[PDB]
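As they're listed, the protein sequences go chains U, E, S and V.
The first sequence begins at 1 in the numbering used here and counts up one residue at a time.
The second sequence begins at 1001 in the numbering used here and counts up one residue at a time.
The third sequence begins at 2001 in the numbering used here and counts up one residue at a time.
The fourth sequence begins at 3001 in the numbering used here and counts up one residue at a time.
Encoded as structure tokens, the structure appears first; notes follow it.
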Amino acid sequence: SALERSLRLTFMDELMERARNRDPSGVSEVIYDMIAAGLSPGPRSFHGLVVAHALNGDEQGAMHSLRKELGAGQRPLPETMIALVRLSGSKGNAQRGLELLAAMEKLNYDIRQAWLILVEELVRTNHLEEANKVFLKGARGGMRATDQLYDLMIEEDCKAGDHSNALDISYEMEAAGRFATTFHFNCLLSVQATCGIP
Amino acid sequence: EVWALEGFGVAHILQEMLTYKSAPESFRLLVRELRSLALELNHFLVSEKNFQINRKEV
Amino acid sequence: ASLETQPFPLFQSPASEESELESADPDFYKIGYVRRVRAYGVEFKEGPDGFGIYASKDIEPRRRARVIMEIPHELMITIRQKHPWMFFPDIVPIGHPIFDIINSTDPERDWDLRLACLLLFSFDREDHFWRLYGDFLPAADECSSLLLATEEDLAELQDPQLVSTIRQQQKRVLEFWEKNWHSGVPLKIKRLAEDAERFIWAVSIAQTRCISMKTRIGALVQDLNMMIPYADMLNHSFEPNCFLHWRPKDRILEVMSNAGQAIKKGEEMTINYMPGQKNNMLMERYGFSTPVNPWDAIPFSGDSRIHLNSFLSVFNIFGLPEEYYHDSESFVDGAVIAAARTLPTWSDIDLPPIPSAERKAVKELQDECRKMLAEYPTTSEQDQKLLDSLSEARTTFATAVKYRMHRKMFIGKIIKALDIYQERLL
Amino acid sequence: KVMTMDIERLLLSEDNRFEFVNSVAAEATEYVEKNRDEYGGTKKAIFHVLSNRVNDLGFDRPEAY
Ligand SMILES: C[S@@+](CC[C@H](N)C(=O)[O-])C[C@H]1O[C@@H](n2cnc3c(N)ncnc32)[C@H](O)[C@@H]1O
């Protein structure tokens, strides 16, 4: 007991220290050392590896670590999936975002928060067209965004003049039971006034 | 009967009775005869998404 | 059976003194069924904790929410929530002194006093449904609401702020009774509550049974506080299988079983009385507490903090903070969701938890919790003993004991949660 | 015989008769799109929608009664 517990403890501590220092090579060292110690299963360890990759933007290395932990391991803990989806949405890569979010279905994890994060990061990354794609395909799938995300996304769409999506999102917002306020109709009208057809 | 059906709001039956049970081809006739009077009865619909003025097939 | 008087809930079940869910007296349902109440797939059962609704059949899942009960508006009591007082069963004759008394209430502080006035008047109005229903309301000795408590109970409550709020409530009620049931009132008022006990009982019932909703009465969309004679028999849950809903065309309150949920014979049909209120609020208004209360709070002041996201994932908790829920994926319950909402915690975009410093924080917060438990004179299981055997089932005293016990049990679950979190962080 | 009481019940359930009938038409056309069994003999998609909806109301009616 206490031997295995202390080995696990010290190994995962030096792994987490490397991960916080964004040293995924180091984390791979500690993976090899824990395998030499026989501590083969460990979701925290591959989560450390994925976050070590993600904090330096190593999308390919993050996906490699995911392939490692799925192909020769066990179901990832939610933060692993959430962090890699965030790395997508913060980098772009929206197709990879949707692919992994759909892959989250097979874990039975809550897709809501991951989808919200993906949309928010895409909006922050000015990847608005594919942000609109993922949002509308989520809303048609019956998921409800957080109210802050509706308000932000409508406002940013209308600043972009993308009424073709702003009105659709407003219909999905109404269907989600978030009644459109004077702010949302002001945003819609800001673009409608441009058409010259009063 | 049109007045009664539209009073019931039962307007898909009204559409059936006035169109495909016999734009509708009789509206094509209407527009064509006005167009033969040298008046352009021009039908447009506005895209809610894009404000594009789509001209109807008339 | 559209007559008769004095139907009652057989007191064979409240005979727990020597040491469980018999059916309610069939007349209790009959008086509703004769008046267009309908219960679908549910049965009224009579425990020593009073009435409850239990499913009498397995109910298959359904795509929309499935009706389980219909109560017609004519049997309800209603007060407008906002100042212009109106009554939509309109029991009270125009110019009745009751309207003067009810106006003398504070528009928003004294809604319970208004409902108590209506309840008493509806016991005085012959051939109003509550003339018959009042027999099934808990009497002054068996109501759980602490408005019927005294210092003998509140000393056992050991929660001075809540003791003070209960004392203020009792003072307010008794001052209102003294002001508005003085000897100068008409007999048609003095006969409503000839003593303070009758009024404090009525207020305690009004508090413990007040539903409130936005409703539509014909054209008028409005806010009502109301009593529904068979939806008020639903027991509380923070994971309710049912919700109340309003139909305005025929003025029916439905009780609806949640969409997509299957339920089992003997399952208690419950509702979420007030979502997002701490146990002390449920004691203040309703007069009960529950240990799995997922909104409860703890007066932590520590600079020790735990990685919130890891605390969620180790317990498979999901959703936003307003939304936290647990799934099939087994000690995790509403108290662990409360823990995730309450522990001093830190979070960062993707940064992992320090496996050592999180154990240090676990130890520190566990010793804080231990000193909080040490601020009580007794452990949890001593109150469990004082409830598995009890001198006289004094309902207010037993409720105070249940409160204290629940809080200690909670902090215990906090300890166990931190232990299992550290162990399961591996 | 009885099916119109179910209709009235659902008319009483929904807050707009025209919106209810629109939702029934939508449900029927999506049924006849999500399933391509012919389903057009002695039982009809409208009655099926009414049956399924009254079963959601909890009432023991078979498909197309
Ligand atoms: C809406 S009233 C229902 C009346 C109650 N069934 C009776 O027998 O009078 C809620 C009351 O039921 C009890 N109660 C409420 N929530 C409860 C819970 N979660 N567990 C146990 N009892 C509860 C309390 O005594 C409270 O005063």
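C-beta atoms are modelled at their ideal positions from N, C-alpha and C, and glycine is treated no differently.
Distance between residue j and residue i (C-alpha atoms, nearest Å)
i: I2031(S); j: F3018(V); result: 37 Å
i: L2075(S); j: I2228(S); result: 7 Å
i: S2056(S); j: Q2170(S); result: 40 Å
i: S2016(S); j: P2048(S); result: 7 Å
i: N3055(V); j: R3061(V); result: 7 Å
i: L107(U); j: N93(U); result: 22 Å
i: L3057(V); j: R2216(S); result: 21 Å
i: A72(U); j: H2326(S); result: 28 Å
i: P2186(S); j: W2177(S); result: 14 Å
i: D2367(S); j: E2239(S); result: 31 Å
i: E2175(S); j: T3004(V); result: 57 Å
i: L2426(S); j: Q2384(S); result: 33 Å
i: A1038(E); j: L1030(E); result: 13 Å
i: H2236(S); j: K2408(S); result: 21 Å
i: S2391(S); j: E2156(S); result: 15 Å
i: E2268(S); j: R2109(S); result: 33 Å
Assigned secondary structure, residue i (DSSP; H/G/I helix, E/B strand, else coil)
i: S2023(S); result: strand
i: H2245(S); result: strand
i: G1007(E); result: helix
i: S2257(S); result: strand
i: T182(U); result: helix
i: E2046(S); result: strand
i: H127(U); result: coil
i: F2008(S); result: coil
i: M2226(S); result: strand
i: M3005(V); result: helix
i: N1054(E); result: strand
i: residue 2432(S); result: Nothing can be reported for residue 2432(S): it is not among the residues displayed for chain S, which extend from 2001 to 2426.
i: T2396(S); result: helix
i: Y32(U); result: helix
i: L2220(S); result: strand
i: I2091(S); result: coil
Per-residue contacts from residue i into chain U (C-beta, under 8 Å)
i: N1042(E); result: Those within 8 Å of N1042(E) in chain U number zero; the least Cβ separation is about 15 Å.
i: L2192(S); result: Chain U residues near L2192(S): none, gap ~43 Å exceeds 8 Å.
Under 9 Å by beta carbon: chain U residues contacting residue i
i: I2354(S); result: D13, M16, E17, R20
i: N2309(S); result: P78, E79, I82
i: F2318(S); result: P78, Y109, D110, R112, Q113
According to DSSP, residues forming a beta bridge with residue i
i: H1043(E); result: DSSP, once it has assigned bridges, lists no residue as partnering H1043(E).
i: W2346(S); result: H2307(S)
i: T2379(S); result: DSSP output for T2379(S) lists no bridge partner at all.
i: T2270(S); result: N2235(S)
i: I2189(S); result: Paired residues: none, contrary to the question.
i: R2038(S); result: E2070(S)
i: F2318(S); result: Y2325(S)
Chain-ordered neighbours of residue i on chain E, where CB pairs are closer than 9 Å
i: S170(U); result: Under the 9 Å cutoff, chain E gives no residues; its nearest Cβ is about 11 Å from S170(U).
Whole-angstrom C-beta distance between residue j and residue i, which should lie under 8 Å
i: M2233(S); j: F2044(S); result: 7 Å
i: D157(U); j: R178(U); result: So it is not a contact: roughly 16 Å between Cβ atoms.
i: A2231(S); j: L2244(S); result: 6 Å
i: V2292(S); j: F2315(S); result: Not quite, the Cβ-Cβ distance comes to about 14 Å (not below 8 Å), so this is no contact.
i: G2319(S); j: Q113(U); result: 7 Å
i: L9(U); j: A37(U); result: About 12 Å separates the two Cβ atoms, so there is no contact after all.
i: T2395(S); j: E2142(S); result: 6 Å
i: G2050(S); j: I2068(S); result: Their Cβ separation, rounded to whole angstroms, is 19 Å, which puts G2050(S) and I2068(S) out of contact at 8 Å.
i: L3012(V); j: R2247(S); result: 7 Å
i: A1023(E); j: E1057(E); result: 7 Å
i: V2173(S); j: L2148(S); result: With 8 Å as the limit, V2173(S) and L2148(S) do not qualify as a contact, their Cβ atoms being about 10 Å apart.
i: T2399(S); j: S2164(S); result: Not a contact, Cβ separation roughly 17 Å.
Partner residues on chain E for residue i, Cβ-Cβ distance less than 7 Å
i: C195(U); result: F1051
i: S164(U); result: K1049, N1050
Neighbouring residues, chain S, relative to residue i (Cβ below 9 Å)
i: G3058(V); result: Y2040, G2041, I2059, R2062, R2066, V2067, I2068, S2257
i: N108(U); result: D2327, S2328, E2329
i: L55(U); result: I2349, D2350, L2351
i: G138(U); result: Neighbours of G138(U) on chain S: none; closest Cβ ~15 Å, over 9 Å.
Partners in chain V for residue i, counting only beta-carbon separations shorter than 9 Å
i: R2247(S); result: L3012, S3013, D3015
Chain-ordered neighbours of residue i on chain S, where CB pairs are closer than 7 Å
i: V51(U); result: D2350, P2352
Amino acids of chain S, ordered along the chain, whose beta-carbon sits closer than 8 Å to that of residue i
i: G42(U); result: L2426
Interface residues of chain U facing residue i [CB-CB closer than 7 Å]
i: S2313(S); result: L77, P78, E79
Contacts of residue i in chain E (Cβ-Cβ under 8 Å)
i: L167(U); result: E1048, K1049
Next item on the list: Using the beta-carbon of each residue, find all residues closer than 7 Å to any heavy atom of ligand 3 and list them in chain order.
Entry: Ligand 3 is not part of the structure shown, which contains ligand 1 as its ligands.
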